[PDB]
Amino acid sequence: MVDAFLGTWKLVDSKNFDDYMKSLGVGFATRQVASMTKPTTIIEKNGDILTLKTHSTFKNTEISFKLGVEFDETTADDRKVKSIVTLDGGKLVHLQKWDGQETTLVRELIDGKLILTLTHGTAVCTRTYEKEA
Ligand SMILES: Cc1cc(C(C)(C)C)c(O)c(C(C)(C)C)c1
């Protein structure tokens, strides 16, 4: 059910990422470099385990998880969070919890593109990824 998310994806558009990062308390210098970074996201499965890599010139992250099972995560901005990823309405929904705060990272396939919507507080960022051959 996750299979159409799998593969290598490149960022092609971003809206409001600075607002999202600022809401999370990311410092201005980190925001500045992130506003110009074009990450590559790689999503692979092996049985019930998904691995999601985010690679860039700036920061790199990797998580592995089973859908519907909580995992500890250290985010790119060094937040220590409790995470869970679920499929909901065909969307891959990643919820992070820390210090009573929440943020959602929601991925949806629209016309073969991967739309990532990042919400924290009132900030809503939309990032568009396109598949690599
Ligand atoms: C500063 C910064 C913050 C984030 C989140 C806040 C989405 C975790 C992030 O994912 C990245 C890369 C996409 C560059 C890894 C950089």
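Numbers here are sequence positions counted from 1. Just so you know, these numbers use all the heavy atoms, side chains as well, and skip hydrogens, waters and symmetry mates.
The closest side-chain heavy-atom distance from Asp77 to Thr30 is not below 4.5 Å. At a threshold of 4.5 Å between non-hydrogen side-chain atoms, the residues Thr75 and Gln96 count as touching. The shortest side-chain heavy-atom distance between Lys82 and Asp72 falls under the 4.5 Å cut-off. Looking at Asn16 and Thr126, their side chains never come closer than 4.5 Å, going by heavy atoms from C-beta outward. Counting only heavy atoms from C-beta outward, the side chains of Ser35 and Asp18 never approach each other to under 4.5 Å.
Taking a 4.5 Å side-chain heavy-atom cut-off between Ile, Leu, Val, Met, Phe, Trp and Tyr, the cluster of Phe58 extends to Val33.
By the rule that hydrophobic residues join a cluster once side-chain heavy atoms approach within less than 4.5 Å of another member, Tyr129 and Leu109 end up as members of one cluster. Grouping the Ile, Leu, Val, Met, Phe, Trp and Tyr side chains by contacts below 4.5 angstrom, directly or via other members, places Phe71 with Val81. Linking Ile, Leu, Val, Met, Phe, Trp and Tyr residues whenever their side-chain heavy atoms come within less than 4.5 Å leaves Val106 and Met21 in two separate clusters. Taking hydrophobic clusters as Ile, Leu, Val, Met, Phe, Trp and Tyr residues chained together by side-chain heavy-atom distances below 4.5 Å, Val12 does not share a cluster with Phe5.
Atoms CG and CD1, on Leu6 and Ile43 in that order, are 7.0 Å from each other to the nearest 0.5 Å. Taking CZ of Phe17 as the start and OG1 of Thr37 as the end, the distance is 8.5 Å to the nearest 0.5 Å. Rounded to the nearest 0.5 angstrom, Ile63 CD1 and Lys53 NZ are separated by 12.5 Å. From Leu105, atom CG reaches atom OG of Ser83 across 8.0 Å, with rounding to the nearest 0.5 Å. Rounding to the nearest 0.5 Å places CG of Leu52 at 9.0 Å from CD of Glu62. Note that the CG atom of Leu114 and the CD atom of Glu108 stand 10.0 Å from one another [nearest 0.5 Å].
With sequence neighbours excluded, the residues forming a side-chain contact (heavy atoms from CB on, under 4.5 Å) with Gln101 are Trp98, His120, listed by chain and number.
Between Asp3 and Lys45 there is a salt bridge, with a side-chain nitrogen of the basic residue lying less than 4.0 Å from a carboxylate oxygen of the acidic one. Checked for salt-bridge contact, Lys113 and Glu130 meet the test: a charged N lies under 4.0 Å from a carboxylate O. Contact check on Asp13 versus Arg127 returns no salt bridge, with no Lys/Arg side-chain nitrogen under 4.0 Å from an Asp/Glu carboxylate oxygen.
Closest heavy-atom contact between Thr119 and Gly121: CG2-O, 4.3 Å. Heavy atoms only, all atoms of each residue included: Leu11 and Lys38 are closest at O-CD, 4.0 Å. Across all non-hydrogen atoms, the minimal contact from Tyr20 to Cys125 is CB-CB, 3.8 Å. Residues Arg31 and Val26 come closest through the heavy atom pair NH1-O, 2.8 Å.
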Under the criterion side chain to side chain donor-acceptor pair (under 3.5 Å), I'd like the reasoning laid out for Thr74 against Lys80: C-alpha separation, chi angles, the key distance, then a yes or no. CA-CA 5 Å; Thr74 301; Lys80 289 185 73 194; over 6 Å; no
Test side chain to side chain contact (heavy atoms under 4.5 Å, CB included) applied to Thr40 and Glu132, step by step: CA-CA 9 Å; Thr40 298; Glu132 287 278 301; 5.9 Å; no
Give the intermediate values and the outcome of side chain to side chain contact (heavy atoms under 4.5 Å, CB included) for residues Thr103 and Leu118. CA-CA 7 Å; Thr103 185; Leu118 305 176; 5.6 Å; no
Show me, pair by pair, the donor-acceptor contacts under 3.5 angstrom made by side chains of residues 84-95, not counting sequence neighbours?
from	atom 1	to	atom 2	distance (Å)
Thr86	OG1	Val93	O	3.4
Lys91	NZ	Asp88	O	2.9
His94	NE2	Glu73	OE1	3.2

